[PDB]
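Please read the structure below before turning to the comments.
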Amino acid sequence: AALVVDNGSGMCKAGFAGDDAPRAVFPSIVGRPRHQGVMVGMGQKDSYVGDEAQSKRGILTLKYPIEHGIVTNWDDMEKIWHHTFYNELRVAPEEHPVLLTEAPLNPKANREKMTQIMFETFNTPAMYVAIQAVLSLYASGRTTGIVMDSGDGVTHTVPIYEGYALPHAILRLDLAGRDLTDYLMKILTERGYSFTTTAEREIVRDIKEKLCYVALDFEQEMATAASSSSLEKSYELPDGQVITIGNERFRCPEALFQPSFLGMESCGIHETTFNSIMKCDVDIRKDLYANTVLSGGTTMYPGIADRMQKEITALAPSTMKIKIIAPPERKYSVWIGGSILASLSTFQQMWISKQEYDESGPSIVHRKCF
Amino acid sequence: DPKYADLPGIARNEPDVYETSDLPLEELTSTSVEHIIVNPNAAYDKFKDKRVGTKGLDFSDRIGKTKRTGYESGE
Amino acid sequence: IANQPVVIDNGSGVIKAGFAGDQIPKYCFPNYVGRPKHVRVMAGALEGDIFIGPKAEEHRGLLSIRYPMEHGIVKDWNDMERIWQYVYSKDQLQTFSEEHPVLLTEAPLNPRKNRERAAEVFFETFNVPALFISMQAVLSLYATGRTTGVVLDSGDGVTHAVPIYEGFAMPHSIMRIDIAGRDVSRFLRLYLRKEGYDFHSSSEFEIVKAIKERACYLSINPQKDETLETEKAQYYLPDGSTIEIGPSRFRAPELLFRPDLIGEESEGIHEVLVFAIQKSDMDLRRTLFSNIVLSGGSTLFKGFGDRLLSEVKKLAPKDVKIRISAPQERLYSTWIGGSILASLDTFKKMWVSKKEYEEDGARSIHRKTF
Amino acid sequence: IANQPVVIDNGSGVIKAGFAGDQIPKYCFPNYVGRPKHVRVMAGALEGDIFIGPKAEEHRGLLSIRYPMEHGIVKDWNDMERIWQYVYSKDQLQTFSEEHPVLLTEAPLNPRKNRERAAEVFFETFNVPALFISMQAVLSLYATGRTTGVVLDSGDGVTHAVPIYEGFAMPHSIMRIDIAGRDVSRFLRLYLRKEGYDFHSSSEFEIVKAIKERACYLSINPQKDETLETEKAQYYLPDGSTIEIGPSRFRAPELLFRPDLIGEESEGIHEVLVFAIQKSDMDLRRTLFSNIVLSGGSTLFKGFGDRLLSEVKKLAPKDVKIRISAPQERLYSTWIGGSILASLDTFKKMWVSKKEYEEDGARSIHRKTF
Ligand SMILES: Nc1ncnc2c1ncn2[C@@H]1O[C@H](COP(=O)(O)OP(=O)(O)OP(=O)(O)O)[C@@H](O)[C@H]1O
Ligand SMILES: Nc1ncnc2c1ncn2[C@@H]1O[C@H](COP(=O)(O)OP(=O)(O)O)[C@@H](O)[C@H]1O
Ligand SMILES: Nc1ncnc2c1ncn2[C@@H]1O[C@H](COP(=O)(O)OP(=O)(O)O)[C@@H](O)[C@H]1O
């Protein structure tokens with residue numbers, strides 16, 4: 001009996017260890033109302049969380065507590081974890097030990113303060129923080145190979161060979177789902193359809209998930225988009241109003257492969273995956289090309305795998321065979337790994353206990369992280 | 001001044017600028033290392049009359065004809 | 001054609017026209033179409049069903065005001081064509097549009113359909129030699145005569161902050177919010193009804209804009225002025241009747257700096273300025289804080305510069321020099337910039353010729369914009 | 001030749017240029033090509049798409065930085081051509097390349113293709129009378145005015161140790177390691193992200209280099225200073241914001257002494273020096289240990305001399321006299337050596353003439369360099 005709780009910037013995936021898929025999946029947001037001095041009606045919650053805030057988007061200002069895999073407002077994150085254990089999962093945190101997930105190369109204060117809350121506020125019996133990328137490999141039953149776990153908050157590239165990780169080869173890029181969502185708003189505003197508010201940004205994320213797809217040749221796709229209106233698809237908003245996004249459909253996910261569009265002055269998700277493999281030892285490169293995994297929900301874009309293969313193959317040597325690993329459950333790839341890890345009898349020892357936390361302090365986490 | 005006097009919707013008796021109040025080697029002094037004073041004029045004089053023999057010179061990774069020592073002698 | 005180019009500012013509230021030779025705009029009239037309020041069947045009433053600028057101001061109470069441009073976007077194009085036709089009337093300028101070339105001043109990050117249709121009208125309806133669409137922010141710097149400078153241009157329709165350093169505008173650091181002078185006029189009408197004076201009519205909305213422009217001061221501390229008993233300064237209406245404004249005077253334009261009070265999800269005028277600087281690169285931040293320029297009519301509020309300086313200082317880093325350099329001609333700054341730009345021989349290269357638009361295509365106007 | 005020969009110290013971090021005989025290099029500017037990343041909209045902005053040296057330093061925030069040479073190997077030659085062109089331009093020495101001979105200063109044990117291309121550019125693109133390529137270490141000894149000494153030259157790009165006894169330099173005892181000042185700045189950036197301050201931008205990476213030079217001390221005992229709670233020393237960024245560096249201050253420069261931290265299997269700077277002496281013949285070991293000369297900018301770290309003297313003493317034999325001598329101008333020591341060598345009449349014989357290069361080709365340069 002143990003709890004796996006993925007603390008993703010976009011969506012918080014929580015559930016019991018051993019189960020196939022996560023029990024409760026809700027958007028990680030806190031909804032505070034745009035209140036005036038006028039008195040409010042009955043059935044009023046001071047701050048709404050998750051699926052409740054997703055229902056009452058109209059009035060509530062949606063504030064994401066985790067920004068680029070860094071917890072900015074801890075009071076907000078506490079209210080999400082309270083919604084996770086007590087309401088969503090229907091379980092006491094004192095009974096079950098809780099596994100959390102942190103992105104690699106995050107600030108040290110993040111892991112420090114995270115565990116402090118779990119030990120003091122919720123009074124958990126044991127707490128282990130893990131790297132999202134390390135878990136994602138277990139999903140595919142692969143010990144060897146690199147992963148390109150692109151989330152809503154961040155995208156990170158962690159090469160692991162024969163159950164041994166290369167820490168110095170790890171590269172983090174701040175370009176992620178929320179930056180693409182923010183980019184899609186700007187180009188939709190250029191077409192005509194203006195989306196400004198926090199509630200409207202959530203509707204633009206629903207537009208992104210459904211329509212947007214990765215093009216094989218961007219320049220070739222822009223030529224077809226100009227000539228014919230075949231790529232132009234219609235989407236119905238919450239309001240009866242319908243919109244035809246056009247070429248901006250495949251223009252949004254292009255930003256992943258060339259950040260110049262967003263204006264970050266950084267390497268693309270294809271180029272960073274190559275650079276990470278080159279930073280590793282020369283011998284093991286072979287297996288990393290052969291076992292390139294794509295994880296998170298930012299790798300569920302239709303035809304990212306085809307475009308990824310093409311771009312890596314061009315950069316990589318001709319003799320090498322480049323196979324991209326795209327399992328059907330990419331969105332729940334971080335959690336399903338956690339469920340496999342927590343269930344294993346070996347992992348029982350690796351848990352950090354309250355007694356261990358009390359004596360040493362919150363600094364113990366940095367030793368027993370990975 | 002007379003240009004802006006002509007127009008109706010102009011700022012009159014307002015300050016133009018709103019501004020804030022105007023607010024007004026450790027290794028090179030180490031014990032371990034011995035601090036030398038570089039005098040190129042002195043250095044130039046010491047090497048002044050020193051020459052090199054560029055005849056039969058080959059520093060390259062050429063195997064032929066045993067070992068070689070570049071810059072044979074002066075004068 | 002060598003004949004003098006005609007600058008025209010597309011201000012949502014007031015459009016400012018004139019020749020490039022003039023130091024100031026000779027002809028500037030309100031941007032609204034005036035039709036008779038009662039649907040005219042009979043003779044002896046207001047004839048034509050069109051009253052623009054000074055003719056409208058004379059017979060204002062009889063007519064019904066309808067603004068053609070909202071939030072820096074043209075809603076009714078038929079109305080805008082009549083307005084631009086009145087610019088080339090016997091009343092203002094008194095010239096052929098076919099002879100003189102034109103310069104438009106569209107707000108930043110507007111819809112591309114707005115720019116394309118604006119060009120189509122000015123090339124097809126009027127037989128213009130050449131047209132050039134430009135950004136309102138870039139012009140404001142030419143007027144003042146400095147290359148570096150952030151331009152907080154608070155218009156009637158839109159308030160936007162564009163950072164430009166050494167003649168280089170960062171397009172990602174641009175910030176645009178819809179809460180502008182027109183919204184302040186709308187919110188003042190609500191507070192005037194809370195004082196007990198209704199301005200229900202579209203004509204009666206114009207005198208609320210006059211009340212705002214005459215008497216509305218921005219308090220340095222809003223909470224202290226609320227507790228203090230007001231003088232209740234009397235304003236005289238067109239009919240002759242007096243109205244005591246009282247606390248509505250100062251707590252109306254406050255909604256610029258704090259738009260959450262009414263319940264509008266926006267950043268605020270102090271916030272968009274700071275955010276635009278913070279979004280830009282770290283090296284430039286100090287110089288961009290050291291060079292801020294106020295543009296448009298919604299900066300002329302009494303004690304705007306005093307409040308903004310205080311609200312920017314607390315958000316901005318400590319011990320940083322913040323100079324908010326307002327010109328004396330803030331309302332007419334955007335046009336004067338265009339008048340200088342138009343006069344230069346470089347402008348001859350920048351604009352798009354009528355024959356160029358026929359051959360090149362639609363993109364011609366967009367690609368030459370920058 | 002009557003015209004003085006120009007000394008150019010082609011350093012990875014800073015390229016130092018000047019005329020032979022001069023006591024100090026008159027014109028020393030940072031080695032990078034700055035291109036504007038933001039768009040030009042206004043007229044009168046900064047002219048050219050290439051900014052090099054002091055103009056690039058002033059307008060750093062506007063530009064995207066790109067180092068042409070990495071680890072003493074010219075990666076992009078087009079860029080290296082533009083910086084050498086800028087040395088001869090009006091801003092720096094302001095003379096024709098055809099009239100003055102050149103003295104280039106490359107690092108030891110660099111690729112042969114680098115020396116070949118370096119010559120090709122300096123003879124074809126610039127029609128120079130004569131070029132001599134020399135080692136950095138050999139010059140550093142002429143500056144101090146000593147015939148016997150080992151030269152530990154820790155530069156920005158590469159750190160190397162060359163044992164030189166009574167004029168002769170032992171080519172098999174040369175020790176070179178890629179880990180250097182620029183890897184310390186790269187390793188500092190990684191630890192600053194762990195502390196929770198991000199510097200993703202190429203312009204922001206130059207601020208990390210500024211933080212390194214100002215606030216980073218090498219602790220005499222590494223394991224001792226790790227455990228003890230450190231005083232969190234605040235540093236002021238260009239914008240004004242304060243960062244607490246904390247443990248990253250002293251952990252960052254330790255990379256030079258322990259290359260295992262970044263994860264490269266190479267010798268430490270302390271191991272490089274002793275290995276270079278131990279590789280030399282038995283008789284000269286005592287004289288080389290007595291005569292140690294530190295060079296390059298990366299030796300200017302606070303407590304470098306103290307730590308190195310501690311580390312060398314443990315690896316070196318018992319009861320041997322270890323005197324580490326520092327010239328006050330460590331940074332400019334390499335160039336001053338070049339000026340003294342260039343001023344001697346013996347340098348005339350050492351040169352490769354244009355005709356000599358044109359006849360034999362690449363071989364002539366490889367024959368006469370060390
Ligand atoms: N099918 C899809 N196609 C395209 N984009 C998607 C799709 N599903 C989700 N996304 C986008 O990618 C993000 C994926 O978030 P996800 O559910 O993987 O959680 P997360 O916060 O990224 O967690 P983690 O970092 O642990 O992977 C969403 O926020 C959304 O913006
Ligand atoms: N003297 C003034 N005091 C206060 N508000 C003013 C004043 N003059 C104009 N305004 C406000 O500013 C608006 C004018 O905006 P304007 O500068 O013409 O915008 P644009 O830059 O788009 O042309 C008016 O409609 C009014 O709301
Ligand atoms: N005061 C300082 N403290 C620490 N490191 C420094 C200091 N000054 C310069 N450096 C480092 O030394 C570098 C300069 O290298 P330099 O000696 O000019 O190279 P080269 O010897 O290859 O010509 C800088 O880029 C920086 O990384």
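Chain identifiers are assigned as A, B, and so on, following the order in which chains appear in the structure tokens; residues are numbered from 1 within each chain, and ligands are numbered from 1 in order of appearance.
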
For ligand 2, list the contacting residues at 8 Å or closer, counting only C-alpha atoms and all ligand atoms, as a VMD selection string. (chain B and resid 9 to 11) or (chain C and resid 9 to 16 72 107 136 153 to 158 181 to 182 184 to 185 209 to 210 212 to 214 216 295 to 302 330 to 332 334)

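By chain and then residue number, the residues within 8 Å of residue 280 in chain D are residues 163, 170 and 173 of chain D, counting only C-alpha atoms and disregarding those fewer than 6 positions away in sequence.
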
Exercise answer, chain D residues close to chain B, 9 Å and only C-alpha atoms, as a PyMOL selection string: chain D and resi 21-23+142-146+168+294+299-307+309+323-329+333+336-337+339-341+343-347+349-350+363+366-370

Quick check: residues of chain C within 12 Å of chain A, only C-alpha atoms, returned as JSON, numbers by chain. {"C": [71, 73, 74, 75, 108, 109, 110, 111, 112, 113, 114, 115, 116, 170, 171, 172, 173, 174, 175, 176, 177, 178, 179, 259, 260, 261, 262, 263, 264, 265, 266, 267, 279, 280, 281, 362, 363, 366]}

Give as a ChimeraX atom specification the residues surrounding ligand 1 up to a distance of 8 Å, considering only C-alpha atoms and all ligand atoms. /A:6-13,28,69,101,103,132,149-155,176-178,180-181,205-206,208-210,212-213,295-302,330-335

Taking the DSSP secondary structure from the backbone, can you list the residues of chain B that are alpha helix (DSSP H), as a ChimeraX atom specification? /B:2-6,40-47

Which residues are close to residue 42 in chain D, i.e. within 9 Å by only C-alpha atoms, leaving aside same-chain residues fewer than 5 positions away? Reply as a PyMOL selection string. chain C and resi 138-139+141-142+147+164+166-169+370

Compile the residues of chain D that lie within 9 Å of chain C, evaluated using only C-alpha atoms, and express the compilation as a count of residues only. 25

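Take the candidates D:81, D:120, D:70, D:358 and check each one against ligand 3 using only C-alpha atoms and all ligand atoms; the shortest distance goes to D:70.
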
Near-range 308-321 of chain A list (8 Å; only C-alpha atoms; drop same-chain fewer than 4 positions) as a PDB file with N, CA, C and O atoms, in the first residue's frame:
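Okay, this is what ended up in around_31.pdb:
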```
ATOM      1  N   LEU A 216       5.917  17.422 -41.362  1.00  0.00           N
ATOM      2  CA  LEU A 216       7.199  16.758 -41.732  1.00  0.00           C
ATOM      3  C   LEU A 216       8.152  17.804 -42.322  1.00  0.00           C
ATOM      4  O   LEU A 216       9.302  17.889 -41.843  1.00  0.00           O
ATOM      5  N   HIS A 270      14.471  18.488 -31.014  1.00  0.00           N
ATOM      6  CA  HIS A 270      15.231  17.516 -31.849  1.00  0.00           C
ATOM      7  C   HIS A 270      16.736  17.687 -31.604  1.00  0.00           C
ATOM      8  O   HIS A 270      17.425  16.661 -31.442  1.00  0.00           O
ATOM      9  N   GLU A 271      17.220  18.931 -31.565  1.00  0.00           N
ATOM     10  CA  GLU A 271      18.667  19.266 -31.506  1.00  0.00           C
ATOM     11  C   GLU A 271      19.210  19.004 -30.094  1.00  0.00           C
ATOM     12  O   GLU A 271      20.361  18.535 -29.995  1.00  0.00           O
ATOM     13  N   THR A 273      18.055  16.752 -27.932  1.00  0.00           N
ATOM     14  CA  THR A 273      18.065  15.265 -27.822  1.00  0.00           C
ATOM     15  C   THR A 273      19.347  14.708 -28.449  1.00  0.00           C
ATOM     16  O   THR A 273      19.896  13.737 -27.894  1.00  0.00           O
ATOM     17  N   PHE A 274      19.786  15.284 -29.571  1.00  0.00           N
ATOM     18  CA  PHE A 274      21.052  14.930 -30.266  1.00  0.00           C
ATOM     19  C   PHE A 274      22.240  15.361 -29.397  1.00  0.00           C
ATOM     20  O   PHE A 274      23.096  14.505 -29.108  1.00  0.00           O
ATOM     21  N   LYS A 286      25.181   4.335 -29.507  1.00  0.00           N
ATOM     22  CA  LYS A 286      24.488   3.364 -30.398  1.00  0.00           C
ATOM     23  C   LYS A 286      23.090   3.047 -29.847  1.00  0.00           C
ATOM     24  O   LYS A 286      22.110   3.207 -30.603  1.00  0.00           O
ATOM     25  N   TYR A 289      20.462   6.132 -29.613  1.00  0.00           N
ATOM     26  CA  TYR A 289      19.837   6.341 -30.949  1.00  0.00           C
ATOM     27  C   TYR A 289      18.743   5.288 -31.181  1.00  0.00           C
ATOM     28  O   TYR A 289      17.654   5.650 -31.671  1.00  0.00           O
ATOM     29  N   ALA A 290      19.037   4.027 -30.845  1.00  0.00           N
ATOM     30  CA  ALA A 290      18.145   2.857 -31.026  1.00  0.00           C
ATOM     31  C   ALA A 290      16.962   2.914 -30.049  1.00  0.00           C
ATOM     32  O   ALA A 290      15.899   2.365 -30.396  1.00  0.00           O
ATOM     33  N   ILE A 304       4.613  13.837 -34.373  1.00  0.00           N
ATOM     34  CA  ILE A 304       5.870  14.366 -33.756  1.00  0.00           C
ATOM     35  C   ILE A 304       6.988  13.330 -33.941  1.00  0.00           C
ATOM     36  O   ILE A 304       8.124  13.747 -34.230  1.00  0.00           O
TER      37      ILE A 304
END
```

If you run DSSP on this backbone, which residues of range 265-335 of chain C come out as strand (DSSP E or B), and could you give them as a ChimeraX atom specification? /C:292-295,302,323-325

Keeping N, CA and C atoms for every residue in the selection just given, could you write it to a file as an mmCIF file, in the first residue's frame?
```cif
data_model
loop_
_atom_site.group_PDB
_atom_site.id
_atom_site.type_symbol
_atom_site.label_atom_id
_atom_site.label_comp_id
_atom_site.auth_asym_id
_atom_site.auth_seq_id
_atom_site.Cartn_x
_atom_site.Cartn_y
_atom_site.Cartn_z
ATOM 1 N N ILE C 292 11.773 56.022 -20.341
ATOM 2 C CA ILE C 292 10.317 55.732 -20.519
ATOM 3 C C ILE C 292 9.666 56.995 -21.098
ATOM 4 N N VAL C 293 8.819 56.830 -22.121
ATOM 5 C CA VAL C 293 8.095 57.931 -22.823
ATOM 6 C C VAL C 293 6.590 57.655 -22.727
ATOM 7 N N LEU C 294 5.823 58.605 -22.184
ATOM 8 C CA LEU C 294 4.338 58.549 -22.124
ATOM 9 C C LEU C 294 3.770 59.149 -23.414
ATOM 10 N N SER C 295 2.869 58.421 -24.080
ATOM 11 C CA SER C 295 2.185 58.824 -25.336
ATOM 12 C C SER C 295 0.672 58.628 -25.187
ATOM 13 N N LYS C 302 -4.478 64.230 -14.408
ATOM 14 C CA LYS C 302 -3.735 65.073 -13.430
ATOM 15 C C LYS C 302 -3.130 64.171 -12.348
ATOM 16 N N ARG C 323 13.197 57.329 -15.077
ATOM 17 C CA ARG C 323 12.837 58.638 -15.690
ATOM 18 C C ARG C 323 11.678 58.434 -16.675
ATOM 19 N N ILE C 324 10.490 58.941 -16.332
ATOM 20 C CA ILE C 324 9.259 58.899 -17.179
ATOM 21 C C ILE C 324 9.148 60.246 -17.906
ATOM 22 N N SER C 325 9.778 60.353 -19.080
ATOM 23 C CA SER C 325 9.916 61.606 -19.870
ATOM 24 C C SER C 325 8.666 61.829 -20.732
#
```

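Pairwise distance (CA of residue 325 in chain A, CA of residue 369 in chain A) equals 26.7 Å.
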
If I take CA of residue 354 in chain A and CA of residue 366 in chain A, how far is one from the other in Å, to one decimal? 15.5 Å
